[PDB]
Each structure stands twice: as structure tokens, then as C-alpha cells.
Amino acid sequence: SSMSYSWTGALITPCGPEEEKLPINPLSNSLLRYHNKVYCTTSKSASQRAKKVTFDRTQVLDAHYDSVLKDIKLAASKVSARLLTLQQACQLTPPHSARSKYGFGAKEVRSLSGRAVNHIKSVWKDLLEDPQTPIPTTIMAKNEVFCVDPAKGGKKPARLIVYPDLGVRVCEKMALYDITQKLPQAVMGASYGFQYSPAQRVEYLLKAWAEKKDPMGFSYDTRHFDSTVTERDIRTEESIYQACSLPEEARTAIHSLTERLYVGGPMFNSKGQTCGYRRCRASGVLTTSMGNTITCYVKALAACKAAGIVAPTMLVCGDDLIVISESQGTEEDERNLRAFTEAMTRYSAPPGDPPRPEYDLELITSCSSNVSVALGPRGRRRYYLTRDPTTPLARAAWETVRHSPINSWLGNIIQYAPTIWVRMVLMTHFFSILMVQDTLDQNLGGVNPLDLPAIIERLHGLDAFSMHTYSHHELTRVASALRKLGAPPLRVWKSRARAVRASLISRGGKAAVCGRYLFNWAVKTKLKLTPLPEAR
RNA sequence: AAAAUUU
RNA sequence: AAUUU
Ligand SMILES: C[C@@]1(O)[C@H](O)[C@@H](COP(=O)(O)OP(=O)(O)O)O[C@H]1n1ccc(=O)[nH]c1=O
Ligand SMILES: [Cl-]
Ligand SMILES: [Mn+2]
Ligand SMILES: [Mn+2]
Ligand SMILES: [Mn+2]
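- The deposited coordinates derive from X-ray crystallography, with the record listing a resolution of 2.6500 Å.

- Where the PDB entry is consulted, chain A appears under the name RNA-directed RNA polymerase, with the organism given as Hepatitis C virus JFH-1.

Looking at the coordination of the manganese ion (ligand 4)
Step number 1: Note on the manganese ion (ligand 4): its protein donors are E238 (OE) and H255 (ND1). The metal-donor distances range over 2.2 to 2.3 Å. Placement of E238 in helix 9 (residues 231–242) and of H255 in helix 10 (residues 248–262) is noted, with a sequence separation of 17 residues between them.

Observations concerning the site of ligand 1
Step number 1: Neighbouring residues of ligand 1: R49, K142, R159, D221, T222, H224, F225, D226, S283, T288, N292 and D319.
Step number 2: In this structure, an oxygen atom belonging to ligand 1 sits 3.0 Å away from a main-chain N or O atom of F225.
Step number 3: Between ligand 1 and the protein, one listed contact pairs an oxygen atom with a side-chain N or O atom of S283 at 2.6 Å.
Step number 4: For ligand 1, whose unbound accessible area comes to 510 Å², protein coverage reaches 71%.
Step number 5: When contributions to the shell around ligand 1 are tallied by element, the ones reaching two or more residues are helix 8 (225–228) and helix 11 (288–307).
Step number 6: Classifying every residue of the shell around ligand 1 by side-chain character gives one nonpolar, five polar and six charged.

Looking at the protein's contact with RNA strand C
Step number 1: The full set close to RNA strand C counts 15 residues, and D319, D320, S368, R395 and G411 are the nearest of them.
Step number 2: At the protein interface, 100% of the atoms of RNA strand C within 4 Å belong to sugar or phosphate.
Step number 3: In the model, a sugar or linking oxygen of RNA strand C is placed 3.1 Å from a nitrogen or oxygen of the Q415 side chain.
Step number 4: Tallying contributions element by element places helix 14 (residues 406–415) first for the surface near RNA strand C, with five residues.

Some remarks on the sheet that holds strand 11 (residues 310–317)
Step number 1: Reading across from one edge, 8-12-11 is the order of the three strands in this open sheet, with antiparallel pairing throughout. Both edges of this open sheet fall to strand 8 (215–221) and strand 11, since each of them pairs with a single strand only. Within the sheet, the average angular offset between the axes of one strand and its neighbour, ignoring direction, is 20°.
Step number 2: Two strands pair when backbone bridges link them, and strand 8 and strand 12 (residues 320–326) are joined in this way by seven bridges, in the antiparallel orientation. Following the sheet pairing, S219 is matched in strand 12 by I322.
Step number 3: Each of strand 11 and strand 12 is contacted by helix 11, which is oriented at about 165° to strand 11, the strand it contacts most.

About the criteria used
Residues numbered from 1 in each chain as written, not as in the entry; some residues may be left out. Chains lettered and ligands numbered in written order. Heavy atoms only, no water. Residues with missing side-chain atoms left out of burial classes, pairs and counts. Donors = N, O, S within 2.8 Å, 3.2 Å for Na, K, Ca; no water. Helix = DSSP H or I, 4+ residues; strand = E, 2+ residues; numbered from the N terminus. Near = heavy atom within 4 Å. Polar contact = N/O pair within 3.5 Å; in protein donor to acceptor, adjacent residues only side chain to side chain. Areas by Shrake-Rupley, 256 points an atom, 1.4 Å probe, with all protein chains shown as cover. Nonpolar A, V, L, I, M, F, W, Y, C, P; charged D, E, K, R; others polar. Pairing = 2+ DSSP bridges. Axes fitted to C-alpha atoms, helices over the stretch in contact; angles between N-to-C directions. Contact = heavy atoms within 4.5 Å.

Structure, rendered in C-alpha cells:
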């Protein structure tokens, strides 16, 4: 029935200019050599993306769907949710949010300039009066950095971002922000992934695993999820929103956004031409994340039911899903998973790669990450979260006139501090760089490099400084990724680390603490690391 | 472009 | 600011 998009043939033009790497990358040329492999997805590539996501959806629901949808509305209605004042919504706007066509941007919105507020007032008026005229949206290519992979095609084409004008974005928040804060957790409970921290994610998975007599796990991800979302899914989304206690004024705003924006509309490129027409999710609207998550969850819980998955414990984040169930033997597990996929496929959520039962927690990947295990200081098993370092390393080498990658180095150091690739490679590089630069004291992304030990002890536990005996999968994957980007292998990073360590120690102060906690892995005779005052 | 988590 | 979807 529904085509996902149609296209005039106008191009998807760039919003800014898309910078090139330069013949010299002075921050990362000591980190890796293969700079030719590191690229940013361009707007020229958007054409290729559009072909891959334009297709005809058909959808066939069933008693299991209906049943799951019903139960989900009974959950929804134990929720009441308020409108947000025009003003409170204005100030959830991000500081750099793309400006409005009507002569103001986010500074004005956040400061409640009166031109901005009056335009927003009229926009909300029109939402309440007119509940049908479609609302124009802008279409743009997302710029992100990867490492080329010739196995899987060369370069990925850019994903498509589709969004309404700033005025409209504020009105969405007025109508729905409060819902986004309450509905998913109410509807999905413990299954709602975003509620958890990484530590909690890991623990939730181990508890789920431990409680099965005989566990089986898998993960699922939908190919081009936003384009698989049907008009009917979006209206069913509305009807889930409506099932809460709402002010009548919200209901009209919800219903109107739904019919005017969410289910479809025309799309314009940055130069103003009509680009095409859309009848799936616009990724760029306030409801993108909540919607995806709720919709994914309905389809998934139904498909579990269609396929016989026993005692499923779920975890859902957007279109990404893990299910840990009671195995019915491998012959049955294979068959049930094929059934799961058939169902999701009927529901219009077809797999990127077909899923597969697993019986070892390390082999389940979701949101480009997985759980792994090492040994702690006293020899106890320590479970932690990690990932292929390929992309983060490529992003670590993205230097342009307009972009430094140092913040990315730090981001990953914090998020993945227990991993062997952060501890040996990124930490070593980061500290080496700043020492020589003599900018340790300086803040970056509102964090002081010299706090890191406290920060990591707070977030990952003191065990992140003493972990050893990493897994084969993890050693293999790391070695393989450093070889792939032409970076030095782990032994060299051991040498560089000893030096960085010595120089930090002999600097005294917080540096020396950094050098002793972060790099104790690097010395032959360890120290005994005690908790840190600063952390509690 | 939107959200969540981390800080 | 970082990461993720
Ligand atoms: C664009 C999205 O709606 C997207 O389709 C969905 C699932 O992401 P995915 O990583 O599995 O990609 P597919 O589209 O399924 O190929 O998460 C949203 N999403 C994802 C990435 C992003 O920057 N913004 C976004 O709103
Ligand atoms: Cl231990
Ligand atoms: Mn997907
Ligand atoms: Mn309605
Ligand atoms: Mn996904």
C-alpha cells in the first residue's frame, strides 16, 4: 500500500559546507597512519540513501499484535500528563538549534524575545484551528565519520534527517514533552532501555541471564527503521498518547501534529525546492525516539508471542532490541527465531541481518556494543561494556579547520574506561598530547582531565584501574582494528604508556594521581590503589 | 533534527 | 561537550 517516499528529483543539498581532512593531521598522525580510510558522510551521498529507503510497505497485524497493543493502552492510561507553557518549551530548545525561516534562532527562543514568542503563539493557534493542512519539513543529510569498510561496500551513504521549522519544534514540546517523560517507562517498565545507565544495562542483562534455568539470547535491529514505520503505526502511536489523561487542548495539538506532521508531508531541500513527499517517520521530530521505542516494542512483544519465545526478558532502545529467554533446545530456538522474524517482517519491521540464537552473553551485540568480561584485582570476574573501536578511532582522527577530535577522545575514555582499547590506546594518546601541549589544567567539554580518576571511579568502580586478562574476542577485535587503521599495536602502546606514566608521576599533584591510577596497568610491579576521597 | 545516557 | 538510537 504505502510508498515510504516519492521524489521530485531535486537534490538533497548541504546546509553548511562539508569540510575535508587536510594533508597533515597533527593531533592524530601519531595515533594512526591510514587517514585515507577516515571519511565523513556527504550530502552527495544522500541520493544513494534515498534509493535504499524508498520502498513499498505492506503490513499485516494479528491477534498477538492486537493483544499487545490493548495491554499497552491499559498501561498508558495509568498516566497523566500536562501541557508545557510556551515558555518552558522555548527553554528546552538546544542552544544551537537550527534557526527559523521567520527571522529568529535559538538565542531568541531561549531568551524569550518577543518576536519569537509571538510567532510561536500563532503557530500553536494554527495547530488548534487547522487539524489537517500538512506542515512543510526540511530534508538534510546527516554528516558522520566512519572508517571505510570494503567488505560492507566502501562508504556508507548519509542518513536522512527530516524536520519542521523551529516554531513548530517548540509547539511539539508544549504538546508532548511531558508525555516523553512518563509514557515509555509506564508502558514498558523495566524493558525501557534509556532509563538505565551502562552499569545498570550490564547488571540487568546478567540478572536476566542468571534467572533462566537454561538461557538463550538474541538481538534484533530493523533495516532502515524510520522508513518502515507506516501511517497506521503513527496513528496507533497517537492513540497510545491519547490513552493518557490529557488536557483537551493537548489532545487537539497531538491529533493535529499527528495528521499534519508525523504521518507525512512534503519535504524541501536547503535551497527551498520541493524534494519529495514522506509517509513514514520523520527522524527529527520530538516523537522520533519515544515513537520508535514504543512501536518497536509492540511489534517485538507480539512477535515473541507469535513465535513461542518462553519467559522473554526484553530490553529496547529505539529499534534495537535484546531478548533473553528460556531455551527450547537449539532446533526449536532456530525455528522460533525464524518465526519471530517472519512476524516482524509482516508487521513491517524487517531485519538488517537476520537474527540468531546465542547461548553466551558476549556474542550478543546491540546499539553497537556488547558485554564482555575480564578479571579484577582480586581475581573475580568483572563484566563491563565495550565495542568495536573502529568507529571511535576513526572519529579520533577526524581533524578539520572547524573540528578538533580531542573531546571525542575524552568522551570515549569516560564511557569505555574499563576497556583495553581505551586504557592502552586512547588514554595514552590523550595524556601524551595534552602533556606536550601543556594543557592538562584546561577544561574540555566541561571536564578537567585531572579529575578523570575520580570520574571513572565514580562511574565504573575502582576495578577499572586493575582489570586484566581480557577476552579473546576483545583482544582479537582490538588488535584487528588497530591493524586496520594503521595504528601501532598494543605492545607499542605499552611503551608509550610507561613514558607518559613516568612524566605524569614526576609532575606531582593531580597529574601524578592520574599517572598512578590510569596507568598502573603499564608497570611490571603494580601499586596498591586505594579509593579516592574526591569520588563519593 | 529530536531524544536518552554520561559529565 | 561526548556517545548512542
Ligand atoms: C533515524 C532513526 O529514526 C532510525 O531509523 C532509528 C534506528 O537507527 P539505526 O541506527 O538502526 O538506523 P536505521 O535507520 O534502522 O538504518 O533511530 C533514529 N535515529 C538514528 C540515528 C540518528 O542520528 N537519529 C535518529 O533519529
Ligand atoms: Cl576482583
Ligand atoms: Mn535499524
Ligand atoms: Mn486523534
Ligand atoms: Mn538500530
